[PDB]
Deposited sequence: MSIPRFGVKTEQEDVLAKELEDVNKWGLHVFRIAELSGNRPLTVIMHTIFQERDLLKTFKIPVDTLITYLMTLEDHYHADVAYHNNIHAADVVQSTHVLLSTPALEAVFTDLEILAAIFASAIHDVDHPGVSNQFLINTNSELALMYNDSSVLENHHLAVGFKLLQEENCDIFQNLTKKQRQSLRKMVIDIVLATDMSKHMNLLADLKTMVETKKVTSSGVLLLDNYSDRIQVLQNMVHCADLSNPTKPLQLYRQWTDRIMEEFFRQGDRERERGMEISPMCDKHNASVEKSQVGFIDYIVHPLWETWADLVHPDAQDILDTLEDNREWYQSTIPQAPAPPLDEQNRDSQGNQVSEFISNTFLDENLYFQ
């Protein structure tokens, strides 16, 4: 019954707008595991890299287990979303056959793990509260280093090493790439990642069919980084009914952080006070200063494969703008997305 219903939903796996919460419900809360399984099958990754399927599922389950259920936004469902969004972006026509199987695997694996073991509070909070994680990582890309460490550490569990049949050289190459990718999801790197991307765009060379030419490692990894960062910041480009659910979830996570700051007598971080909240104005700010600039630039790079994403983005802005009842934003943007 429910498995017949789940398999129909998964037929939308190559579509922006997949009903990822439905899949979350239908899979017994195993969206990351079911979506990754599907994507590996779709892209023949098991055959290519000789990944026993039992080993895959075992790895996925443990990975998914290490996302925290009680965290409202940074959980397995968000990870599942990002995996799938990256999977779609990898098939964009301007990228047809640009990437090797290994590079593709790296991007999908990076996406699956990029937020694993997230505690639901920001780097800054971890630094300001003197947490063990901030002490371990010397205040630099604290969460993102930890995600990486956890994601690779889990490969060592019984029957979890999905990479056992890669060569030593494929393993090293893949590990560099994943690290470069997940470190680029540290939000404080955003302005620089975008600036560099704009620059690359200016000197970009395509084929007759509009397909991108990427000579070196440096250009390829940069594209993979921006790709996964776009997927990470893809919520406002989705159908509004999904976008709104995510908005409610992210704000619930922030407020919970704010509640922890309050209880402890700390200044309440921007965006994190439920009592001085402005949810709608904030999303508009978020689109104008971060998301739209980012997607506009990605839209140039793959022109014109993403026109529609921009269209949806613009509609979605209108919606939020229309529901604003008739410094925080700015301070949040200064603190989160700059170095």
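According to the record, the deposited residues with no C-alpha atom in the structure span 1-10, 337-351, 365-370.
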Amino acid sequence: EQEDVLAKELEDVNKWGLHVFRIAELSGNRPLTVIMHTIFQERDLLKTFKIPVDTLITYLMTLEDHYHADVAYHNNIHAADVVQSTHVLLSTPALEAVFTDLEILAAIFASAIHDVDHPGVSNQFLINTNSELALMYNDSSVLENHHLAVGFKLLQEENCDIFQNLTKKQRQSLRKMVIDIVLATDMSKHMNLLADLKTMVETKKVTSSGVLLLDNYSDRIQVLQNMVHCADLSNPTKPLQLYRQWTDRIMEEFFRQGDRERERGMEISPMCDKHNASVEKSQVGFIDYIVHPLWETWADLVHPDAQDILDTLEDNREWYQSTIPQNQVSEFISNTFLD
From here on, numbers count along this sequence of modelled residues.
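On average the C-alpha atoms of 95-103 have higher B-factors than those of the other stretch, with 76-84 and 95-103 being the two compared. Comparing 258-266 with 178-186, the higher mean C-alpha B-factor in the PDB entry belongs to 258-266. Comparing the C-alpha B-factors of 309, 294, 57, 36 in the entry, the top value falls on 309.
Among the modelled residues of its chain, residue 161 has a C-alpha B-factor that falls in the lowest third according to the deposited record.
Per the PDB record, residue ranking by Cα B-factor puts residue 151 in the lowest third of the chain. Residue 48: CA B factor in the highest third of modelled residues in this chain (values from the PDB entry). In the PDB entry, residue 283 places in the lowest third of its chain by CA B-factor. The deposited CA B-factor of residue 209 belongs to the highest third of values across its chain.
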